[PDB]
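Protein chains in written order, with the authors' numbering: chain A, 55 to 215; chain B, 55 to 215; chain C, 55 to 215; chain D, 55 to 215. Every residue gets a Cβ at the ideal spot worked out from N, C-alpha and C, and that includes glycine. Heads up: the structure comes next, in structure tokens.
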């Protein structure tokens, strides 16, 4: 069933990985199949301990929706994006936990910094994992994300077979 | 058999969705299969009643042909398109019903307005559903539509398997 | 076995269609499969007789190789290409028959003219089928051809399945 | 099992070919499958002996990683790349053998030169295979490599099926 093949970037302070998560479908009794739980592109950040040694137990995740992916793949050399996620957004527990993912270009255009910030007011913690990403590394993402977008949207269920 | 996974945009005045409809094939007796009923990318518009509440019963559709899709995916930030459809085009009942879909950019380049106008002289009605679409949302469409184009054209039947 | 789903453009003087032809493989005894007869993108031109009536019996073909496809999909608004094919190229019967396909832009950038010229010195004939192609129509080709390129190259045989 | 369909360029001094090599997976007992041995795009160079006659026995290989592919597909007309590979990189036998692949544009922008240099201090040899590649030929590579990137990354294992 399960499948694992993330694209990973391992840098000085932290490690970064990315993988699609396909949407789930509830087969209706009326016939065929219907899309249920949304697909995303999952990003995982985690800290470096030893030199090129990382603590997988301190990992934090950030799910990119289809639209956030569209925003990413349409970034030029000089562009930035910032996405803001509250796992408990739109309720009383909103504000307790805030995740913000930012993607900023270097002044020289030699790549980007992809940073995940996690503020937890419940646990009283404040984490920031930053991973530099080269122009070529980021090209791999745009291309792979672009490939995966239709799949996470469930559009690959439309083939003439 | 059937498959449902539209990409949807829900805004103030109306909701917008899009999904490929694959072409149909009549298997000839001579052998193989032949393309019959054309594929399109189907757009569905429908009105907002309550706040983020929409009336699916007042929905109107607009089928984009392969060529109209090509026109869409090749739109720059500052481009516009207008497509004109008469469900009874090229007969006496032509003019009775007119659908026009327009896609116009915002002055600031923060996205587009995608509007469906429906004029029915038979029922004496005049409807206009407008849905704003962000740069990123529109990027999702171009990419998904681009992915689907070969499939709606029936070209995916050409794989080495 | 066979599969038919060309993309077609029907204009004043002639009709134009395009479809991939997949490569053939000779399964070696040593194991697996090996690519044999090359894939191409086949273009078919044929004359208009009545208004929107065409003579399929007077059709002429032009096979685009992978590299010619690469040349096509990488054409800008103002670009041209000309391809020259001798069905009996590189022998004594070379020169007997010459096919040249040209793709030229309109001055206004509203599209292209795609023209097939066929000179037969054996039969003493000289044919020229010209078909105007809009910006959007040509966008459909670039996208569909681009999709098909890996398939006609046989690269789709490399999937993780 | 095996599959062969390289894209090949045959020129004056040497021949060049390219083909994806898919990644390998070790099916875990816990369930599903996990990516193991990395995918690459394999380049093979080999010398010309007679006119359009080549010595396959003197071939040298250069494996492009996913990231090197990303660097390639994101090359403009005026760009260059150089990749440096030591088959025994990061050990005592490092430096014994060095492979460098370069891709340089022509002054006129009529294409590129793709050159593999192999220095072997063990055997005391110094080889350089150079193959000119046209704009259109290089367009075929970018497109085919781009198609294959997700497959060599193992992302095609994520389809809704």
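The beta carbon of residue 87 (chain D) falls within 7 Å of a beta carbon belonging to chain A, placing the residue at that interface. Neighbourhood of residue 55 (chain D) in chain C, by CB distance below 8 Å: 85, 86, in chain order.
Below the 7 Å Cβ cutoff, chain A contributes no neighbours of residue 69 (chain B), its closest Cβ being approximately 15 Å away. The Cβ atoms of residue 184 (chain C) and residue 199 (chain C) do not sit closer than 7 Å to each other. C-alpha of residue 92 (chain B) to C-alpha of residue 190 (chain B): approximately 29 Å in a straight line. Pairwise C-beta distances place the segment 126-138 of chain B in contact with the segment 156-174 of chain B, as three or more of them are shorter than 8 Å.
The Cβ atoms of residue 94 (chain A) and residue 75 (chain A) lie closer than 7 Å to each other. Linking residue 208 (chain D) to residue 175 (chain B) through their CA atoms gives a straight-line distance of about 55 Å.
Annotated three-state conformation of residue 88 (chain C) is strand, per DSSP. In this structure, residue 139 (chain D) and residue 212 (chain C) do not form a Cβ contact; the two beta carbons are roughly 22 Å apart against a cut-off of 8 Å. Within the segment 194-205 of chain B, contact with chain A at the beta-carbon level (separation under 7 Å) is assigned to 194, 197, 198, 201, 202, 205. Rounded to the nearest whole angstrom, the C-alpha separation of residue 125 (chain B) and residue 165 (chain C) is 12 Å. A Cβ of chain D is located within less than 7 Å of the beta carbon of residue 124 (chain C). Apart from sequence neighbours up to five positions away, the residues of its chain that approach residue 81 (chain B) with a beta-carbon distance below 6 Å are 87, ordered along the chain.
Looking at the DSSP output, residue 136 (chain C) sits in a beta bridge with C:156.
Minimum Cα-Cα distance from residue 122 (chain A) among the listed residues A:79, A:97, A:172 corresponds to A:97. By the 16-neighbour rule on beta-carbons within 10 angstroms, residue 77 (chain C) is buried.
Proximity to residue 128 (chain A) across B:203, B:215, B:197 peaks at B:197, based on C-alpha coordinates. Counting along the chain, residue 188 (chain A) sits inside the beta strand (DSSP E) bounded by residues 179-188. Put simply, the CB of residue 91 (chain C) is far from chain B, with every gap to its CB atoms at 7 Å or more.
Here residue 110 (chain B) is not bridged, per DSSP, to any residue.
Residue contact with chain D for residue 212 (chain C): present (Cβ-Cβ distance below 7 Å to some residue of chain D). Note on geometry: alpha-carbon atoms of residue 113 (chain A) and residue 203 (chain B) lie some 39 Å from one another.
Close partners of residue 190 (chain C) in chain B (Cβ separation under 8 Å): 121, 122, 124, 125, 128. Apart from sequence neighbours up to five positions away, the residues of its chain that approach residue 120 (chain C) with a beta-carbon distance below 8 Å are 92, 93, 94, 203, 206, 207, ordered along the chain. Taking 7 Å as the cut-off, the Cβ atoms of residue 142 (chain D) and residue 148 (chain D) count as close. The three-state reading of DSSP puts residue 124 (chain C) in helix, counting H, G and I together. Only residues of its own chain outside the window of five on either side were considered, and among them 97, 139, 153, 155, 170 have a CB closer than 7 Å to the CB of residue 116 (chain D), listed in chain order. Interface residue (Cβ-Cβ distance to chain B less than 7 Å): residue 207 (chain A) is classified as such. By the criterion of a C-beta distance shorter than 6 Å, residue 73 (chain A) is surrounded in its chain by 60, 96, once the five residues flanking it on both sides are discounted. Not a single CB atom of chain D sits nearer than 7 Å to the CB of residue 117 (chain A). In this structure residue 71 (chain D) touches residue 62 (chain D) by the C-beta definition: roughly 4 Å separates them, less than 8 Å.
For residue 72 (chain D), the closest Cβ of chain C is not nearer than 7 Å. DSSP places residue 203 (chain B) within a helical segment (H, G or I) once states are collapsed to three. Using a Cβ-Cβ cut-off of 8 Å, residue 108 (chain D) is close to nothing in chain C; its nearest Cβ partner there is about 18 Å away.
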